[PDB]
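Trainee: The structure under discussion is supplied below as structure tokens; questions concerning it will follow.
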Amino acid sequence: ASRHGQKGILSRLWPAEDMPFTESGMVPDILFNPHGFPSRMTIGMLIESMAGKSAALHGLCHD
Amino acid sequence: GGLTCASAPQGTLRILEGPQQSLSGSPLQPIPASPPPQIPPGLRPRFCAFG
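Chains as they are written, first to last, in the entry's author numbering: chain B, 884 to 946; chain N, 103 to 153.
Shown next, in the form of structure tokens:
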């Protein structure tokens, strides 16, 4: 689960070489279907993703 | 030589002790409002591409 009520079982363990790699070499470790947003309207997860990426990038800690 | 009923009182006084109101200043908060989260100055990119 996330901190926004978005629960979900673990359905697969996707091999690390079959994951979509980014142009920076990275590779996600969680894949989250984008269809839980439209009906549940948890816009706080889409802001937490950006806040946490900015934190990990700048060494900061946002509130 | 006994006690008899006398004339009815003509008025009543009720005493109470009361202090007064000061000016309205309405000093809501030490550091007031919800101060906004904001940009650290300069920051700089902490990541580069390969090549």
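Just so it is clear, CB atoms sit at the ideal spot from N, CA and C, and this is done for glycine as well.
Which bits of chain B does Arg148 (chain N) rub up against, with CB to CB less than 8 angstroms?
Mentor: Position 46 of the second sequence, counting from 1, holds the residue named residue 148 (chain N). Those within 8 angstroms of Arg148 (chain N) in chain B are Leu940, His941, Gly942.
Trainee: Contact check, residue 155 (chain N) vs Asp946 (chain B) under 8 angstroms by CB: the rounded distance?
Mentor: Beyond the ends of chain N as shown, which are 103 and 153, falls residue 155 (chain N); an answer cannot be given.
Trainee: Run through chain D and tell me which residues come within less than 9 angstroms of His945 (chain B), C-beta to C-beta.
Mentor: This model lacks chain D altogether; the protein chains it does include are B and N.
Trainee: Relative to the alpha-carbon of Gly144 (chain N), which residue among B:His887, B:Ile930, B:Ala884, B:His941 has its alpha-carbon at the smallest distance?
Mentor: Counting from one through the second sequence, the residue named residue 144 (chain N) turns up at place 42. Selected option, being the one with the closest Cα: B:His941.
Trainee: Considering only their Cβ atoms, is the gap separating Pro911 (chain B) from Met924 (chain B) smaller than 8 angstroms?
Mentor: Locating residue 924 (chain B) in the first sequence gives position 41, where the first residue counts as 1. Locating residue 911 (chain B) in the first sequence gives position 28, where the first residue counts as 1. No. Outside cutoff.
Trainee: Whose C-beta lies closer than 7 angstroms to the C-beta of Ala938 (chain B) among residues of the same chain, with five residues either side of it excluded?
Mentor: In the first sequence, the residue the question calls residue 938 (chain B) occupies position 55. Here the set comprises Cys944, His945.
Trainee: Kindly give me the distance between the Cβ atoms of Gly927 (chain B) and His887 (chain B), rounded to whole angstroms, as I take these residues to be in contact under 8 angstroms.
Mentor: Translated into the one-based positions of the first sequence, residue 927 (chain B) becomes position 44. Translated into the one-based positions of the first sequence, residue 887 (chain B) becomes position 4. Right, their Cβ atoms sit about 5 angstroms apart.
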